[PDB]
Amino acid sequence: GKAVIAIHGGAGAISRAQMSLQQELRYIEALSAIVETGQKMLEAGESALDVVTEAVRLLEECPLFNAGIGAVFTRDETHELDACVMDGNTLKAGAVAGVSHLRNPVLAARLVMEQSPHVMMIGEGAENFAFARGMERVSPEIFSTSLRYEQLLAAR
């Protein structure tokens, strides 16, 4: 059976009438790059778990997508991030919710699964758990983009 990957960068009102092809191509190129990375990893024999973790990490790093860098803003102009990973082989899972000082929530989620007996950690406790295990503390403004901020200002 063939190995395969799928990714998404969010569903919603995406209006073609308000877009140009070159604008669309920036998303297409971003998606293609990430899916291709995943494909190569699969072809090379990497695990499904490692492939999904890396694909999501890359989607977090991209500012085009609402996760990690490029996250939307709360009502208070803050960022609160959530993530989950699940291994279909063991049925183990790891998740973090409400984190603001971790660059890559999906990596924190994976850390919960692999280095604790738990499935879900939230907020400060999730952050402290990760910091105690070598994950770096960041300031939440690293996730902020003018695009998402204008969307908050407009949503008001």
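The first residue of the shown sequence is 1; numbering continues from there. Think of the rigid core as the biggest set of C-alphas that the two forms share within 1.5 Å after superposition.
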| item | value |
| --- | --- |
| Greater root mean square CA deviation, 19-27 compared with 141-149 in 8 other deposited structures of this protein, core aligned | 19-27 |
| Residue range whose averaged C-alpha B-factor is higher in the record, 119-127 or 42-50 | 42-50 |
| Between the two ranges 33-41 and 101-109, the one averaging a larger CA B factor in the entry | 33-41 |
| Member of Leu147, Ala11, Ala132, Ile142 with the greatest C-alpha B factor (per the PDB record) | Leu147 |
| Where the record places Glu80 (Cα B-factor, split into thirds across the chain) | lowest |
| Ranked C-alpha temperature factor of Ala93 among modelled chain residues, by third | lowest |
| CA B-factor ranking of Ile28, expressed as a third of its chain | middle |
| Lowest, middle or highest third - CA B-factor, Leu152 | highest |
| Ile5 by Cα B-factor - lowest, middle or highest third of the modelled chain | middle |
